[PDB]
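This is data.cif. It holds mmCIF, C-alpha atoms and all ligand atoms.
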data_upload
#
loop_
_atom_site.group_PDB
_atom_site.id
_atom_site.type_symbol
_atom_site.label_atom_id
_atom_site.label_comp_id
_atom_site.auth_asym_id
_atom_site.auth_seq_id
_atom_site.Cartn_x
_atom_site.Cartn_y
_atom_site.Cartn_z
ATOM 1 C CA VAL A 536 111.985 15.312 39.613
ATOM 2 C CA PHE A 537 108.316 14.108 39.725
ATOM 3 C CA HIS A 538 106.487 11.443 41.769
ATOM 4 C CA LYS A 539 105.622 8.317 39.777
ATOM 5 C CA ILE A 540 101.928 7.369 39.702
ATOM 6 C CA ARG A 541 100.858 4.004 38.302
ATOM 7 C CA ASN A 542 98.179 4.041 35.615
ATOM 8 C CA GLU A 543 96.334 1.334 37.570
ATOM 9 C CA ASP A 544 95.719 4.051 40.183
ATOM 10 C CA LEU A 545 94.419 6.494 37.536
ATOM 11 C CA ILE A 546 91.114 6.545 35.641
ATOM 12 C CA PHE A 547 90.639 8.886 32.673
ATOM 13 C CA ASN A 548 87.173 10.427 32.416
ATOM 14 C CA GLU A 549 85.602 13.404 30.644
ATOM 15 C CA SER A 550 87.649 15.535 28.276
ATOM 16 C CA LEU A 551 87.743 19.114 29.551
ATOM 17 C CA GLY A 552 89.366 20.631 26.464
ATOM 18 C CA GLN A 553 92.702 21.089 24.734
ATOM 19 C CA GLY A 554 95.832 23.052 25.530
ATOM 20 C CA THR A 555 98.786 23.784 23.284
ATOM 21 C CA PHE A 556 99.625 20.345 21.833
ATOM 22 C CA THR A 557 97.843 18.705 24.786
ATOM 23 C CA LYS A 558 94.534 17.106 25.725
ATOM 24 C CA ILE A 559 92.955 17.788 29.119
ATOM 25 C CA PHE A 560 90.911 15.218 31.046
ATOM 26 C CA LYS A 561 89.199 14.989 34.398
ATOM 27 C CA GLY A 562 90.340 11.895 36.265
ATOM 28 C CA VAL A 563 90.321 10.002 39.548
ATOM 29 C CA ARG A 564 93.435 8.902 41.441
ATOM 30 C CA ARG A 565 93.439 6.034 43.938
ATOM 31 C CA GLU A 566 96.062 6.805 46.572
ATOM 32 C CA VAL A 567 97.106 6.203 50.160
ATOM 33 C CA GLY A 568 96.778 9.500 52.015
ATOM 34 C CA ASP A 569 97.492 10.676 55.533
ATOM 35 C CA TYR A 570 97.253 8.062 58.304
ATOM 36 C CA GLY A 571 97.293 5.268 55.711
ATOM 37 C CA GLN A 572 93.739 6.046 54.563
ATOM 38 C CA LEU A 573 92.745 5.046 51.030
ATOM 39 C CA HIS A 574 91.441 7.979 48.983
ATOM 40 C CA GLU A 575 89.679 8.471 45.657
ATOM 41 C CA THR A 576 91.063 11.824 44.503
ATOM 42 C CA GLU A 577 89.874 13.940 41.591
ATOM 43 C CA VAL A 578 92.869 14.841 39.421
ATOM 44 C CA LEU A 579 93.544 16.808 36.257
ATOM 45 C CA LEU A 580 95.349 14.821 33.562
ATOM 46 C CA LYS A 581 97.347 16.671 30.893
ATOM 47 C CA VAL A 582 98.386 14.390 28.023
ATOM 48 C CA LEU A 583 100.944 15.602 25.497
ATOM 49 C CA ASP A 584 99.874 14.988 21.907
ATOM 50 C CA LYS A 585 101.566 12.009 20.277
ATOM 51 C CA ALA A 586 102.137 14.041 17.105
ATOM 52 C CA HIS A 587 104.125 16.527 19.238
ATOM 53 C CA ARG A 588 106.300 14.255 21.383
ATOM 54 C CA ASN A 589 109.327 16.429 20.542
ATOM 55 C CA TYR A 590 108.092 19.028 23.060
ATOM 56 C CA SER A 591 108.138 16.565 25.975
ATOM 57 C CA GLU A 592 111.158 18.218 27.610
ATOM 58 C CA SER A 593 109.526 21.656 27.596
ATOM 59 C CA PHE A 594 106.203 20.006 28.485
ATOM 60 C CA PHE A 595 107.565 18.589 31.746
ATOM 61 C CA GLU A 596 109.942 21.462 32.513
ATOM 62 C CA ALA A 597 106.953 23.826 32.675
ATOM 63 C CA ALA A 598 105.415 21.694 35.425
ATOM 64 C CA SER A 599 108.787 21.152 37.100
ATOM 65 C CA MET A 600 109.143 24.916 37.551
ATOM 66 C CA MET A 601 105.925 25.147 39.572
ATOM 67 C CA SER A 602 106.648 22.049 41.695
ATOM 68 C CA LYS A 603 110.045 23.301 42.907
ATOM 69 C CA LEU A 604 108.187 26.244 44.488
ATOM 70 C CA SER A 605 105.422 26.185 47.098
ATOM 71 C CA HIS A 606 102.797 28.923 47.293
ATOM 72 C CA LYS A 607 99.079 29.184 48.012
ATOM 73 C CA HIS A 608 98.405 30.687 44.558
ATOM 74 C CA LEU A 609 100.247 28.033 42.506
ATOM 75 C CA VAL A 610 98.626 24.845 41.221
ATOM 76 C CA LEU A 611 99.907 21.616 42.765
ATOM 77 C CA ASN A 612 101.514 18.902 40.652
ATOM 78 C CA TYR A 613 100.870 15.406 41.976
ATOM 79 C CA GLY A 614 103.355 13.751 39.625
ATOM 80 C CA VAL A 615 103.670 11.921 36.318
ATOM 81 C CA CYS A 616 101.828 8.831 35.116
ATOM 82 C CA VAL A 617 103.666 5.746 33.880
ATOM 83 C CA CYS A 618 102.002 4.582 30.653
ATOM 84 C CA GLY A 619 105.170 3.576 28.798
ATOM 85 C CA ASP A 620 105.023 5.771 25.697
ATOM 86 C CA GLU A 621 102.678 8.525 26.919
ATOM 87 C CA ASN A 622 103.534 11.825 28.620
ATOM 88 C CA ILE A 623 100.899 12.533 31.279
ATOM 89 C CA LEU A 624 101.045 15.149 34.035
ATOM 90 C CA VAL A 625 98.804 14.628 37.070
ATOM 91 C CA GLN A 626 97.751 17.897 38.707
ATOM 92 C CA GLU A 627 95.243 19.020 41.311
ATOM 93 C CA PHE A 628 91.647 19.376 40.138
ATOM 94 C CA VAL A 629 90.264 22.878 40.728
ATOM 95 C CA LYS A 630 86.499 22.676 41.000
ATOM 96 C CA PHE A 631 85.396 25.876 39.214
ATOM 97 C CA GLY A 632 87.669 25.709 36.167
ATOM 98 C CA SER A 633 89.514 28.398 34.258
ATOM 99 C CA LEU A 634 88.998 32.108 34.846
ATOM 100 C CA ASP A 635 88.393 33.094 31.215
ATOM 101 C CA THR A 636 85.326 30.866 30.880
ATOM 102 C CA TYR A 637 84.130 31.936 34.333
ATOM 103 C CA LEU A 638 84.405 35.592 33.295
ATOM 104 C CA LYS A 639 82.335 34.988 30.149
ATOM 105 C CA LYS A 640 79.521 33.010 31.768
ATOM 106 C CA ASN A 641 79.375 35.298 34.833
ATOM 107 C CA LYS A 642 79.670 38.481 32.756
ATOM 108 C CA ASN A 643 76.839 40.455 34.359
ATOM 109 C CA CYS A 644 77.381 39.006 37.860
ATOM 110 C CA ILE A 645 80.879 40.445 38.472
ATOM 111 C CA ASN A 646 81.608 43.944 39.786
ATOM 112 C CA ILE A 647 84.888 45.848 40.092
ATOM 113 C CA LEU A 648 85.527 44.549 43.621
ATOM 114 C CA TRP A 649 85.472 40.920 42.470
ATOM 115 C CA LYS A 650 87.892 41.734 39.647
ATOM 116 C CA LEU A 651 90.202 43.703 41.944
ATOM 117 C CA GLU A 652 90.413 40.851 44.465
ATOM 118 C CA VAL A 653 91.349 38.412 41.690
ATOM 119 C CA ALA A 654 93.850 40.913 40.275
ATOM 120 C CA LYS A 655 95.476 41.318 43.696
ATOM 121 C CA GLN A 656 95.764 37.540 44.084
ATOM 122 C CA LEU A 657 97.312 37.162 40.626
ATOM 123 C CA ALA A 658 99.699 40.034 41.386
ATOM 124 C CA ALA A 659 100.694 38.313 44.637
ATOM 125 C CA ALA A 660 101.481 35.106 42.740
ATOM 126 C CA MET A 661 103.536 37.039 40.180
ATOM 127 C CA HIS A 662 105.364 38.972 42.905
ATOM 128 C CA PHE A 663 106.274 35.629 44.486
ATOM 129 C CA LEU A 664 107.699 34.420 41.167
ATOM 130 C CA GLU A 665 109.558 37.698 40.595
ATOM 131 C CA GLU A 666 111.186 37.436 44.030
ATOM 132 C CA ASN A 667 112.427 33.975 42.975
ATOM 133 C CA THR A 668 113.550 35.212 39.519
ATOM 134 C CA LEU A 669 111.208 32.605 38.020
ATOM 135 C CA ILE A 670 109.714 33.330 34.593
ATOM 136 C CA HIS A 671 106.233 31.910 34.032
ATOM 137 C CA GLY A 672 105.909 32.870 30.367
ATOM 138 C CA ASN A 673 102.204 32.246 29.708
ATOM 139 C CA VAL A 674 100.154 34.421 32.069
ATOM 140 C CA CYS A 675 96.568 34.493 30.797
ATOM 141 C CA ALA A 676 93.026 34.051 32.069
ATOM 142 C CA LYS A 677 93.001 30.523 30.622
ATOM 143 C CA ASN A 678 95.805 29.624 33.054
ATOM 144 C CA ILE A 679 93.994 31.060 36.105
ATOM 145 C CA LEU A 680 91.867 28.537 38.001
ATOM 146 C CA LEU A 681 89.062 29.401 40.431
ATOM 147 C CA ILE A 682 89.490 27.361 43.613
ATOM 148 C CA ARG A 683 86.554 29.057 45.332
ATOM 149 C CA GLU A 684 83.755 31.339 44.194
ATOM 150 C CA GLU A 685 82.796 34.494 46.041
ATOM 151 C CA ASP A 686 80.436 33.621 48.892
ATOM 152 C CA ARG A 687 77.648 36.160 49.401
ATOM 153 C CA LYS A 688 76.663 34.666 52.763
ATOM 154 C CA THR A 689 79.772 36.344 54.211
ATOM 155 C CA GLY A 690 81.254 38.433 51.446
ATOM 156 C CA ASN A 691 84.050 35.869 51.399
ATOM 157 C CA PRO A 692 86.229 36.639 48.364
ATOM 158 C CA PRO A 693 87.048 34.197 45.564
ATOM 159 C CA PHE A 694 90.366 32.359 45.551
ATOM 160 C CA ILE A 695 92.374 31.739 42.383
ATOM 161 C CA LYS A 696 95.420 29.670 41.474
ATOM 162 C CA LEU A 697 97.932 30.054 38.646
ATOM 163 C CA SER A 698 98.676 26.963 36.563
ATOM 164 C CA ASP A 699 101.851 25.960 34.737
ATOM 165 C CA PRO A 700 102.708 27.790 31.488
ATOM 166 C CA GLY A 701 102.832 24.694 29.279
ATOM 167 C CA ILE A 702 105.240 24.320 26.380
ATOM 168 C CA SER A 703 107.498 27.369 26.416
ATOM 169 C CA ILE A 704 107.261 30.054 23.741
ATOM 170 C CA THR A 705 111.023 29.712 23.231
ATOM 171 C CA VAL A 706 110.389 26.431 21.371
ATOM 172 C CA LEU A 707 106.846 26.924 20.053
ATOM 173 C CA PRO A 708 106.473 27.502 16.295
ATOM 174 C CA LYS A 709 106.230 31.045 14.975
ATOM 175 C CA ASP A 710 102.544 30.766 14.044
ATOM 176 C CA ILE A 711 101.568 29.813 17.606
ATOM 177 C CA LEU A 712 103.405 32.793 19.121
ATOM 178 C CA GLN A 713 101.628 35.220 16.791
ATOM 179 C CA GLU A 714 98.255 33.675 17.643
ATOM 180 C CA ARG A 715 99.083 34.534 21.270
ATOM 181 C CA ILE A 716 99.348 38.263 20.559
ATOM 182 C CA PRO A 717 98.783 40.311 22.696
ATOM 183 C CA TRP A 718 99.750 37.940 25.527
ATOM 184 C CA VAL A 719 103.225 37.435 24.055
ATOM 185 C CA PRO A 720 105.094 40.764 24.406
ATOM 186 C CA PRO A 721 106.506 42.557 21.349
ATOM 187 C CA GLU A 722 110.133 41.751 22.195
ATOM 188 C CA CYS A 723 109.359 38.015 22.208
ATOM 189 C CA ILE A 724 107.658 38.233 18.805
ATOM 190 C CA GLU A 725 110.930 39.715 17.549
ATOM 191 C CA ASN A 726 113.015 37.038 19.280
ATOM 192 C CA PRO A 727 111.849 34.403 21.807
ATOM 193 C CA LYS A 728 115.371 34.643 23.262
ATOM 194 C CA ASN A 729 114.061 37.868 24.877
ATOM 195 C CA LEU A 730 111.956 35.814 27.346
ATOM 196 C CA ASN A 731 112.446 37.675 30.603
ATOM 197 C CA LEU A 732 110.838 38.641 33.892
ATOM 198 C CA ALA A 733 109.550 41.718 32.048
ATOM 199 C CA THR A 734 107.547 39.333 29.840
ATOM 200 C CA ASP A 735 105.195 38.407 32.686
ATOM 201 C CA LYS A 736 104.538 42.080 33.457
ATOM 202 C CA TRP A 737 103.259 42.601 29.907
ATOM 203 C CA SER A 738 101.148 39.432 29.967
ATOM 204 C CA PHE A 739 99.758 40.437 33.366
ATOM 205 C CA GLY A 740 98.476 43.641 31.775
ATOM 206 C CA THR A 741 96.799 41.622 29.028
ATOM 207 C CA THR A 742 95.279 39.297 31.631
ATOM 208 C CA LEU A 743 94.085 42.352 33.561
ATOM 209 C CA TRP A 744 92.365 43.464 30.356
ATOM 210 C CA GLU A 745 90.662 40.060 30.118
ATOM 211 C CA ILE A 746 89.390 40.317 33.697
ATOM 212 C CA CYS A 747 87.848 43.744 33.059
ATOM 213 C CA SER A 748 86.422 42.704 29.664
ATOM 214 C CA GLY A 749 84.113 39.911 30.853
ATOM 215 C CA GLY A 750 86.007 37.146 29.075
ATOM 216 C CA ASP A 751 86.578 38.942 25.772
ATOM 217 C CA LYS A 752 89.811 38.004 24.027
ATOM 218 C CA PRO A 753 91.821 41.131 23.119
ATOM 219 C CA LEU A 754 92.338 41.544 19.359
ATOM 220 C CA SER A 755 90.384 38.349 18.633
ATOM 221 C CA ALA A 756 88.962 39.941 15.470
ATOM 222 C CA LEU A 757 92.503 40.397 14.083
ATOM 223 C CA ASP A 758 94.263 37.699 12.211
ATOM 224 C CA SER A 759 97.910 36.951 12.631
ATOM 225 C CA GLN A 760 99.289 39.504 10.273
ATOM 226 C CA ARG A 761 97.024 42.156 11.634
ATOM 227 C CA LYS A 762 98.184 41.194 15.125
ATOM 228 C CA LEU A 763 101.782 41.731 13.999
ATOM 229 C CA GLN A 764 100.870 45.124 12.536
ATOM 230 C CA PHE A 765 99.265 45.984 15.879
ATOM 231 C CA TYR A 766 102.730 45.680 17.437
ATOM 232 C CA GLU A 767 104.407 47.359 14.448
ATOM 233 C CA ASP A 768 102.327 50.527 14.855
ATOM 234 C CA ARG A 769 102.789 50.118 18.627
ATOM 235 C CA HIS A 770 99.113 50.414 19.519
ATOM 236 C CA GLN A 771 97.647 49.869 22.974
ATOM 237 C CA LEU A 772 94.619 47.776 23.832
ATOM 238 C CA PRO A 773 91.331 49.704 24.041
ATOM 239 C CA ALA A 774 90.293 50.833 27.490
ATOM 240 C CA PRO A 775 87.722 48.420 28.968
ATOM 241 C CA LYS A 776 84.266 49.749 29.784
ATOM 242 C CA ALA A 777 85.004 49.137 33.450
ATOM 243 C CA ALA A 778 88.004 51.445 33.091
ATOM 244 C CA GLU A 779 89.295 51.593 36.680
ATOM 245 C CA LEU A 780 92.338 49.515 35.648
ATOM 246 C CA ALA A 781 93.002 50.934 32.164
ATOM 247 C CA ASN A 782 95.981 52.987 33.359
ATOM 248 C CA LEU A 783 97.532 49.968 35.083
ATOM 249 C CA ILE A 784 96.969 47.863 31.954
ATOM 250 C CA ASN A 785 98.810 50.366 29.754
ATOM 251 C CA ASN A 786 101.550 50.824 32.361
ATOM 252 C CA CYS A 787 102.103 47.058 32.425
ATOM 253 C CA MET A 788 101.828 46.801 28.622
ATOM 254 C CA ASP A 789 104.786 49.114 28.064
ATOM 255 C CA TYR A 790 106.596 48.612 24.761
ATOM 256 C CA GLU A 791 109.872 49.249 26.606
ATOM 257 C CA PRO A 792 110.448 46.167 28.813
ATOM 258 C CA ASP A 793 112.715 48.044 31.241
ATOM 259 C CA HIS A 794 109.917 50.510 32.073
ATOM 260 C CA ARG A 795 107.258 47.986 33.101
ATOM 261 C CA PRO A 796 106.598 48.334 36.848
ATOM 262 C CA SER A 797 107.625 45.743 39.393
ATOM 263 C CA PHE A 798 104.821 43.675 40.871
ATOM 264 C CA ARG A 799 105.510 45.364 44.206
ATOM 265 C CA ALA A 800 104.561 48.641 42.520
ATOM 266 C CA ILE A 801 101.638 46.973 40.726
ATOM 267 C CA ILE A 802 100.249 45.726 44.049
ATOM 268 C CA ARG A 803 100.546 49.184 45.516
ATOM 269 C CA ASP A 804 98.577 50.559 42.593
ATOM 270 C CA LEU A 805 95.954 47.920 43.073
ATOM 271 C CA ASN A 806 95.635 48.636 46.775
ATOM 272 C CA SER A 807 94.881 52.317 46.007
ATOM 273 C CA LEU A 808 91.233 51.543 45.151
ATOM 274 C CA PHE A 809 89.630 50.454 48.443
HETATM 275 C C1 LIG A 901 80.735 22.830 34.271
HETATM 276 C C2 LIG A 901 81.760 23.721 33.537
HETATM 277 N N1 LIG A 901 83.062 23.725 34.248
HETATM 278 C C3 LIG A 901 83.407 24.861 35.112
HETATM 279 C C4 LIG A 901 82.844 24.687 36.527
HETATM 280 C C5 LIG A 901 83.992 22.578 34.052
HETATM 281 O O1 LIG A 901 83.667 21.692 33.346
HETATM 282 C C6 LIG A 901 85.376 22.501 34.763
HETATM 283 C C7 LIG A 901 86.559 22.532 34.038
HETATM 284 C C8 LIG A 901 87.796 22.451 34.698
HETATM 285 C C9 LIG A 901 87.840 22.331 36.093
HETATM 286 N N2 LIG A 901 89.097 22.241 36.874
HETATM 287 C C10 LIG A 901 90.485 22.428 36.382
HETATM 288 N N3 LIG A 901 90.742 22.990 35.190
HETATM 289 C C11 LIG A 901 92.000 23.162 34.753
HETATM 290 O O2 LIG A 901 92.254 23.757 33.478
HETATM 291 C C12 LIG A 901 91.130 24.451 32.952
HETATM 292 C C13 LIG A 901 90.607 23.662 31.727
HETATM 293 C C14 LIG A 901 91.803 23.390 30.805
HETATM 294 C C15 LIG A 901 91.451 22.914 29.395
HETATM 295 C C16 LIG A 901 90.004 23.196 28.998
HETATM 296 C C17 LIG A 901 89.528 24.524 29.570
HETATM 297 C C18 LIG A 901 89.476 24.477 31.095
HETATM 298 C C19 LIG A 901 93.075 22.739 35.592
HETATM 299 N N4 LIG A 901 94.438 22.744 35.505
HETATM 300 C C20 LIG A 901 94.954 22.206 36.614
HETATM 301 N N5 LIG A 901 93.962 21.849 37.428
HETATM 302 C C21 LIG A 901 92.781 22.169 36.816
HETATM 303 N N6 LIG A 901 91.469 22.032 37.182
HETATM 304 C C22 LIG A 901 86.650 22.297 36.806
HETATM 305 C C23 LIG A 901 85.422 22.370 36.154
#

Just dump the structure as structure tokens.
Amino acid sequence: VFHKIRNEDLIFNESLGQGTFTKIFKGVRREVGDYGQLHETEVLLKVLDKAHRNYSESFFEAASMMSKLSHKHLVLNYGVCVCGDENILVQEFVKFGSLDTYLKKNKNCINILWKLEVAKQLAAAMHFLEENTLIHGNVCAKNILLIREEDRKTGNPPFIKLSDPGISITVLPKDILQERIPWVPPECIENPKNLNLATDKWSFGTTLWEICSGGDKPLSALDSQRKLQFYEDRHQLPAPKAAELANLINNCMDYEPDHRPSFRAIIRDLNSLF
């Protein structure tokens, strides 16, 4: 399972935000690194809400999935803190934060080549998970972290990482799942038992829409019931202004789960634009 980190070696600093039933903090970890050298390491601290301790099993399982695998595009888990009654995950601190905020604030300063490079990296991470038959379950721009910005001294591309999915949608309350439309696929709204590898293909299409839409949230103007009726009438998301990926978005967001393309095919589609 996880590595145990003493709270004496952990300092909680600024709050970065809130997840689903969690609070997110920037922290510092005091550790012995390679060659016995003492290090002061920036860490991300995810604390499960005390009013939602019942989700602790799903809270830690979501991080345990990512730790059992090793890949350059997956966020590293350092371990779990020992505070007695608290549930605290200690993860690597990515310096440029989540993709969805980065897309908003750098709206004008992002062309199609930047978005394609990030899309290819996300597709590579999802292909890696698909080859391991591992279901993420919460693919969204919020859960994409920017390790490195694009460098214009070289043209060096940005580098992204995919974080853990958090508390699974199989146990989340109904109202939370419907707030997550259109990231949650239609078959999961009908029955969260339908969580499948095909789920991540749908959510990837929604995340691709986010990347092309400069940080806009799809269907944000619709309330929950209107989000449900969006699936009932089986509508598709509007084509983004930068519409080079609109066909891939709709292909991924197929209402028939069996027809959504494999990430091998998605990558091939992505690579057809250079
Ligand atoms: C000045 C403005 N910036 C951007 C430059 C920052 O403050 C900032 C924020 C976050 C990181 N880093 C980060 N963020 C995560 O989650 C993303 C956050 C989760 C909950 C709230 C929303 C974002 C992470 N998960 C696992 N390792 C993570 N590392 C770096 C910088």

Problem - Exercise answer, 7 Å around ligand LIG 901 (chain A) with only C-alpha atoms and all ligand atoms, as number ranges by chain - result: A: 551-554, 559, 579, 610, 626-633, 677-678, 680, 698

Spatial neighbours of residue 578 in chain A, 10 Å, only C-alpha atoms, chain gap at least 4 places, as a CSV table (one decimal) with C-alpha atoms, in the frame of the given file:
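The result, stored in out.csv:
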chain,number,residue,atom,x,y,z
A,545,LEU,CA,94.4,6.5,37.5
A,546,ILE,CA,91.1,6.5,35.6
A,547,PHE,CA,90.6,8.9,32.7
A,560,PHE,CA,90.9,15.2,31.0
A,561,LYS,CA,89.2,15.0,34.4
A,562,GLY,CA,90.3,11.9,36.3
A,563,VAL,CA,90.3,10.0,39.5
A,564,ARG,CA,93.4,8.9,41.4
A,565,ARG,CA,93.4,6.0,43.9
A,612,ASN,CA,101.5,18.9,40.7
A,613,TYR,CA,100.9,15.4,42.0
A,624,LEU,CA,101.0,15.1,34.0
A,625,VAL,CA,98.8,14.6,37.1
A,626,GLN,CA,97.8,17.9,38.7
A,627,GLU,CA,95.2,19.0,41.3
A,628,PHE,CA,91.6,19.4,40.1
A,629,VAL,CA,90.3,22.9,40.7

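The two atoms in question, CA of residue 540 in chain A and CA of residue 616 in chain A, are spaced 4.8 Å apart.
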
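Among A:536, A:567, A:746, A:582, the residue with the shortest atom-to-atom distance to residue 614 in chain A, counting all atoms listed in the file, is A:536.
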
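Taking CA of residue 593 in chain A and CA of residue 675 in chain A as endpoints, the distance between them is 18.5 Å.
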
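Between CA of residue 717 in chain A and CA of residue 788 in chain A there is a distance of 9.3 Å.
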
Exercise for the section: List the neighbours of residue 661 in chain A out to 10 Å using all atoms listed in the file; skip same-chain residues closer than 2 positions along the sequence, and give me the result as a VMD selection string. Expected result: chain A and resid 608 to 609 655 to 659 663 to 667 669 to 671 674 697 732 735 to 736 739 797 to 799

Problem - Residue neighbourhood residue 740 in chain A, 12 Å, only C-alpha atoms, exclusion window fewer than 5 positions, as a ChimeraX atom specification - result: /A:654,657-658,661,674-676,717-720,733-735,745-747,753,771-772,774,780-790,795-796,798,801

Problem - Nearby residues (only C-alpha atoms) at most 12 Å from residue 621 in chain A, same-chain spacing under 5 positions excluded, as a ChimeraX atom specification - result: /A:542,557-558,580-588,591,615-616

Problem - For residue 648 in chain A, the nearest of the candidates A:566, A:685, A:710, A:751, counting only C-alpha atoms - result: A:685

Return range 717-733 of chain A, completed with N, CA, C and O atoms, as a compact mmCIF listing (two decimals), in the frame of the given file.
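What ended up in out_31.txt:
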# COMPACT_ATOMS: atom_id res chain seq x y z
N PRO A 717 97.76 39.52 22.00
CA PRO A 717 98.78 40.31 22.70
C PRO A 717 99.21 39.79 24.07
O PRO A 717 99.57 40.60 24.92
N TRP A 718 99.19 38.47 24.29
CA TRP A 718 99.75 37.94 25.53
C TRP A 718 101.27 37.83 25.44
O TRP A 718 101.97 38.12 26.41
N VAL A 719 101.78 37.43 24.28
CA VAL A 719 103.22 37.44 24.06
C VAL A 719 103.68 38.87 23.81
O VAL A 719 103.12 39.56 22.95
N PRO A 720 104.69 39.36 24.54
CA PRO A 720 105.09 40.76 24.41
C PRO A 720 105.77 41.01 23.07
O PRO A 720 106.17 40.06 22.38
N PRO A 721 105.90 42.28 22.66
CA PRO A 721 106.51 42.56 21.35
C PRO A 721 107.94 42.07 21.22
O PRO A 721 108.33 41.61 20.14
N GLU A 722 108.74 42.16 22.29
CA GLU A 722 110.13 41.75 22.20
C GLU A 722 110.29 40.25 22.02
O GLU A 722 111.32 39.80 21.50
N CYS A 723 109.30 39.45 22.44
CA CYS A 723 109.36 38.02 22.21
C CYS A 723 108.92 37.65 20.80
O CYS A 723 109.42 36.67 20.24
N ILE A 724 108.01 38.43 20.21
CA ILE A 724 107.66 38.23 18.80
C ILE A 724 108.88 38.48 17.92
O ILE A 724 109.10 37.77 16.93
N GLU A 725 109.69 39.47 18.28
CA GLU A 725 110.93 39.72 17.55
C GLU A 725 111.91 38.57 17.74
O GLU A 725 112.54 38.12 16.77
N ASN A 726 112.05 38.08 18.96
CA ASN A 726 113.02 37.04 19.28
C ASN A 726 112.63 36.36 20.59
O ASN A 726 112.74 36.98 21.66
N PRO A 727 112.18 35.11 20.56
CA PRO A 727 111.85 34.40 21.81
C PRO A 727 113.02 34.27 22.77
O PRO A 727 112.80 33.88 23.93
N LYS A 728 114.25 34.56 22.34
CA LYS A 728 115.37 34.64 23.26
C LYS A 728 115.14 35.72 24.32
O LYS A 728 115.63 35.60 25.45
N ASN A 729 114.39 36.76 23.98
CA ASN A 729 114.06 37.87 24.88
C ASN A 729 113.11 37.47 26.00
O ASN A 729 112.63 38.40 26.68
N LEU A 730 112.81 36.19 26.22
CA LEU A 730 111.96 35.81 27.35
C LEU A 730 112.61 36.24 28.65
O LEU A 730 113.77 35.92 28.91
N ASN A 731 111.86 36.97 29.47
CA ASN A 731 112.45 37.67 30.60
C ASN A 731 111.38 37.82 31.68
O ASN A 731 110.21 37.48 31.48
N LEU A 732 111.80 38.31 32.85
CA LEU A 732 110.84 38.64 33.89
C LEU A 732 109.89 39.74 33.43
O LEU A 732 108.72 39.77 33.81
N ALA A 733 110.39 40.66 32.60
CA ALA A 733 109.55 41.72 32.05
C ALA A 733 108.44 41.17 31.16
O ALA A 733 107.45 41.86 30.93
